[PDB]
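Visitor: Mind having a look at this structure? Questions to follow.
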Amino acid sequence: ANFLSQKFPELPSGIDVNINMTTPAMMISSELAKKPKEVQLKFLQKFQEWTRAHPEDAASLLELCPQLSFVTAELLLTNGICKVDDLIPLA
Amino acid sequence: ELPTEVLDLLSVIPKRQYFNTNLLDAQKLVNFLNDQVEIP
């Protein structure tokens, strides 16, 4: 993964979830949504600039690392920026 | 480079292997976020 070793070599793998009692998706929502609204908005605006300045980089990272892909989606969901039905056009 | 906020966030959720359900298209999402989205 030369792309990552060059640009994104410190990508987090994620937490370990015990999916015999808790589903990843539910954790995903409670994870982002337990955070004060300022966070999601701060991340997404900051990120928005970053991804506008680096569309190739940003998109290719979302291509390979799905936690960010859905992390962005769920934050869009929790604030009401976008709905699930607005994400399926992306899907 | 990625800002630290992003890094922490990527780590706080399930491992990327627990995400292989429906997923979203990175390329569409980025073009969507850049042009079509305005974060409140």
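Convention: chains lettered A, B, ... in structure tokens order; per-chain residue numbering from 1; ligands numbered from 1 as shown.
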Considering only C-alpha atoms, extract the chain A residues located within 7 Å of chain B and return them as a PyMOL selection string.
Guide: chain A and resi 7-8+11-17+24+28+31+41+43-45+48+51-52+55+58-60+62-63+65-69+81+90-91
Visitor: Next, write the just-selected residues to a file, as an mmCIF file, in the first residue's frame, keeping C-alpha atoms as the atom set.
Guide:
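The resulting file, part_17.cif, is shown below:
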```
data_model
loop_
_atom_site.group_PDB
_atom_site.id
_atom_site.type_symbol
_atom_site.label_atom_id
_atom_site.label_comp_id
_atom_site.auth_asym_id
_atom_site.auth_seq_id
_atom_site.Cartn_x
_atom_site.Cartn_y
_atom_site.Cartn_z
ATOM 1 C CA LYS A 7 0.700 9.850 2.528
ATOM 2 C CA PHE A 8 -1.277 7.998 5.193
ATOM 3 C CA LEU A 11 -3.875 5.103 9.782
ATOM 4 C CA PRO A 12 -5.685 3.696 12.838
ATOM 5 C CA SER A 13 -7.071 0.193 12.566
ATOM 6 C CA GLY A 14 -10.060 0.768 14.832
ATOM 7 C CA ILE A 15 -11.165 -0.614 18.190
ATOM 8 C CA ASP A 16 -11.907 -4.271 18.805
ATOM 9 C CA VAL A 17 -15.627 -4.862 19.147
ATOM 10 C CA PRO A 24 -20.453 -2.599 14.946
ATOM 11 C CA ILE A 28 -20.500 3.317 15.361
ATOM 12 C CA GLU A 31 -19.555 6.372 19.289
ATOM 13 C CA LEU A 41 -19.315 19.624 12.938
ATOM 14 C CA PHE A 43 -14.422 17.299 12.123
ATOM 15 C CA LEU A 44 -16.635 17.462 9.061
ATOM 16 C CA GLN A 45 -15.874 21.113 8.214
ATOM 17 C CA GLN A 48 -14.370 19.167 4.151
ATOM 18 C CA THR A 51 -10.836 16.887 1.108
ATOM 19 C CA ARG A 52 -11.482 19.887 -1.162
ATOM 20 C CA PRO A 55 -9.772 15.300 -3.594
ATOM 21 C CA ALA A 58 -9.211 12.081 0.433
ATOM 22 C CA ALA A 59 -11.215 9.915 -1.946
ATOM 23 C CA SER A 60 -8.547 7.259 -2.243
ATOM 24 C CA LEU A 62 -12.061 6.606 1.806
ATOM 25 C CA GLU A 63 -11.614 4.005 -0.918
ATOM 26 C CA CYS A 65 -10.329 2.720 4.823
ATOM 27 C CA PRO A 66 -14.090 2.233 5.386
ATOM 28 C CA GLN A 67 -14.182 3.512 8.999
ATOM 29 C CA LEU A 68 -13.822 7.048 7.691
ATOM 30 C CA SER A 69 -16.300 6.511 4.843
ATOM 31 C CA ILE A 81 -26.739 17.147 7.180
ATOM 32 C CA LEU A 90 -23.110 7.345 -2.646
ATOM 33 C CA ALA A 91 -23.429 3.595 -2.253
#
```
Visitor: May I ask for the distance between atom CA of residue 36 of chain A and atom CA of residue 75 of chain A, given in Å to one decimal place?
Guide: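 Answer for the atom CA of residue 36 of chain A to atom CA of residue 75 of chain A separation: 11.2 Å.
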Visitor: Any idea what the distance is between atom CA of residue 72 of chain A and atom CA of residue 18 of chain A?
Guide: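 Taking atom CA of residue 72 of chain A as the start and atom CA of residue 18 of chain A as the end point, the length is 22.6 Å.
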Visitor: Residues within 10 Å of residue 77 of chain A, please, as a list in words. Count only C-alpha atoms; anything in the same chain fewer than 4 positions from it doesn't count.
Guide: residues 29, 33, 71, 72, 73, 81, 82, 83, 84, 86 and 87 of chain A
Visitor: Given the selection you just returned, output its residues as a file containing C-alpha atoms, formatted as a short mmCIF file (atom, residue, chain, number, x, y, z; two decimals), in the first residue's frame.
Guide:
```cif
data_model
loop_
_atom_site.label_atom_id
_atom_site.label_comp_id
_atom_site.auth_asym_id
_atom_site.auth_seq_id
_atom_site.Cartn_x
_atom_site.Cartn_y
_atom_site.Cartn_z
CA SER A 29 -23.51 5.50 16.03
CA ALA A 33 -23.30 10.48 18.52
CA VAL A 71 -17.69 7.75 10.13
CA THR A 72 -18.40 10.68 7.84
CA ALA A 73 -21.82 9.29 6.91
CA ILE A 81 -26.74 17.15 7.18
CA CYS A 82 -27.58 14.04 5.20
CA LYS A 83 -29.95 11.12 5.69
CA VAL A 84 -29.52 7.39 5.01
CA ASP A 86 -28.86 10.48 0.75
CA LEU A 87 -26.06 7.97 1.37
#
```
Visitor: Which distance in Å separates atom CA of residue 79 of chain A and atom CA of residue 37 of chain A, to one decimal?
Guide: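 It comes out at 7.3 Å.
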